[PDB]
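Here's the structure we're looking at; comments come further down.
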Amino acid sequence: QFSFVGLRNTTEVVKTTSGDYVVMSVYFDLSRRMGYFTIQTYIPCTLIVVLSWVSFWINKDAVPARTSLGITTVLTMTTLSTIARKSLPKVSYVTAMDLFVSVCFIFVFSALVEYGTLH
Amino acid sequence: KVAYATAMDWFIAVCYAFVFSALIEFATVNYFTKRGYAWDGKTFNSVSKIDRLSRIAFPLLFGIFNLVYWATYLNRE
Ligand SMILES: CCCCCCCC/C=C/CCCCCCCC(=O)O[C@@H](COC(=O)CCCCCCCCCCCCCCC)COP(=O)([O-])OCC[N+](C)(C)C
Ligand SMILES: CCCCCCCC(=O)OC[C@H](COP(=O)(O)O[C@@H]1[C@H](O)[C@H](O)[C@@H](OP(=O)(O)O)[C@H](OP(=O)(O)O)[C@H]1O)OC(=O)CCCCCCC
Ligand SMILES: CCCCCCCCCCCC
Ligand SMILES: CCCCCCCCCCCC
Ligand SMILES: CCCCCCCCCCCC
Ligand SMILES: CCCCCCCC
Ligand SMILES: CCCCCCCC
Ligand SMILES: CCCCCCCC
Ligand SMILES: CCCCCCCC
Numbered sequence: 200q201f202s203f204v205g206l207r208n209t210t211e212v213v214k215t216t217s218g219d220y221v222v223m224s225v226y227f228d229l230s231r232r233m234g235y236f237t238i239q240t241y242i243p244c245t246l247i248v249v250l251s252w253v254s255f256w257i258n259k260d261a262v263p264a265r266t267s268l269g270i271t272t273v274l275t276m277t278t279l280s281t282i283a284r285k286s287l288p289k290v291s292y293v294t295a296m297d298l299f300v301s302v303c304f305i306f307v308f309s310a311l312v313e314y315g316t317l318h
Numbered sequence: 278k279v280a281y282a283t284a285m286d287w288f289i290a291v292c293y294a295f296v297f298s299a300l301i302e303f304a305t306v307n308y309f310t311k312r313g314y315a316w317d318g383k384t385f386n387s388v389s390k391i392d393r394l395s396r397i398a399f400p401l402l403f404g405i406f407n408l409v410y411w412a413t414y415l416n417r418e
């Protein structure tokens with residue numbers, strides 16, 4: 200996942216209930232790589248959003264076709280968010296990956312809602 | 278996890294293009310589909390040249406991809 204950027208050392212005295220102790224800590228700097236997550240998460244998330252757009256080129260008169268594409272497009276977006284969210288631990292704050300999928304959720308939902316008002 | 282794409286990914290990726298291109302192909306056919314009704318055993386939509394040609398290009402081109410893909414990787418030292 201990461202790349203070893205570099206290392207850094209320190210030396211400081213931590214105070215505790217049992218006395219003052221000299222502590223030495225080594226800091227390793229690790230920089231994430233998103234290549235896997237793009238193919239794993241973003242690229243499926245990007246491609247599914249495009250499936251919503253082709254709804255527009257499809258004829259409006261094809262009511263089952265548009266809804267079929269719309270409901271299939273949004274529903275699989277839900278699964279992608281969960282499995283993408285599954286990779287993360289249980290932390291109570293929205294992350295950047297969460298932000299991307301949610302915005303992609305808006306597009307697919309809006310695309311379905313676009314046909315709802317279109318009909 | 279690995280920061281590179283394996284030979285498995287390229288076949289899955291190219292297969293993704295073929296299946297995705299199939300959707301775009303129908304969308305293009307849908308654009309020129311003038312009439313909503315179908316043939317009855383008045384004018385009826387003739388079978389599009391896109392389909393009549395995609396019936397040949399897509400399998401023929403996909404087959405060529407398999408030859409290149411499998412020959413490349415199977416014979417590697
Ligand atoms: C999947 C498992 C199930 C098997 C199913 C069993 C069936 C077996 C399949 C039999 C072939 C299917 C056609 C039978 C019907 C004849 C009519 C027809 O439609 O032919 C059409 C040609 O288009 C094709 O037939 C292309 C068929 C796919 C082969 C693509 C070539 C690459 C080979 C693939 C290998 C990878 C390549 C590797 C590289 C070497 C002509 O269209 P038409 O409307 O008839 O035209 C009107 C009359 N006319 C022709 C006089 C003008
Ligand atoms: C994957 C997408 C690739 C991009 C391809 C995108 C390129 C592209 O969009 O082509 C479609 C276009 C028209 O073909 P297409 O069959 O779809 O449309 C027909 C065309 O409009 C005729 O002119 C119409 O008759 P008319 O005169 O109006 O009366 C006919 O209506 P009808 O008579 O039945 O009532 C229509 O069906 O060109 C080609 O013919 C060969 C394309 C070869 C495509 C092969 C490429 C693989
Ligand atoms: C599966 C995700 C559903 C969409 C989440 C909507 C809540 C807002 C997220 C973005 C807040 C910045
Ligand atoms: C999920 C893996 C996808 C890999 C990248 C696919 C890119 C090609 C798709 C679009 C072709 C028209
Ligand atoms: C008919 C259009 C197919 C689109 C996907 C093709 C991409 C890979 C090229 C094949 C290499 C021989
Ligand atoms: C109230 C939810 C959206 C339903 C579609 C409304 C189109 C005007
Ligand atoms: C995703 C839309 C593909 C194009 C459909 C209309 C034909 C140019
Ligand atoms: C569709 C049949 C393909 C067989 C290729 C030969 C190797 C199994
Ligand atoms: C129909 C083409 C299949 C190719 C199989 C692999 C040959 C080395």
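Protein sequence lines, in the order shown, are assigned to chains D and C. Letter by letter, the first sequence follows residues 200 to 318 in the deposited numbering. Letter by letter, the second sequence follows residues 278 to 318, 383 to 418 in the deposited numbering. No residue lacks a Cβ here, since even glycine has one placed at the ideal position from N, Cα and C.
Secondary structure note for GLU302 of chain C: its alpha helix (DSSP H) is the uninterrupted segment 284-308.
Residue contact with chain D for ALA299 of chain C: absent (no Cβ-Cβ distance below 7 Å to any residue of chain D).
Interface criterion met: the Cβ of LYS278 of chain C is under 7 Å from a Cβ in chain D. Our two residues, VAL388 of chain C and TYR308 of chain C, have alpha carbons roughly 13 Å apart in a direct line. Straight-line spacing of the CA atoms in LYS214 of chain D and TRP287 of chain C works out to 56 Å. Proximity of the beta carbon of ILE397 of chain C to ligand 5 is not indicated: no heavy atom of the ligand is located closer than 6 Å. Distances from the CA of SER224 of chain D to each of D:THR209, D:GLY234, D:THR216 were compared; the closest alpha carbon is that of D:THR209. Under the DSSP assignment, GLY315 of chain D falls in the alpha helix (DSSP H) whose first and last residues are 295-317. Nearest to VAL249 of chain D by C-alpha distance, out of D:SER291, D:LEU268, D:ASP260, is D:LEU268. The Cβ of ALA304 of chain C sits closer than 7 Å to at least one Cβ of chain D. Between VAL409 of chain C and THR384 of chain C, the alpha-carbon positions lie close to 44 Å from each other. Residues of chain D with a Cβ closer than 8 Å to the Cβ of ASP286 of chain C are, in chain order, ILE238.
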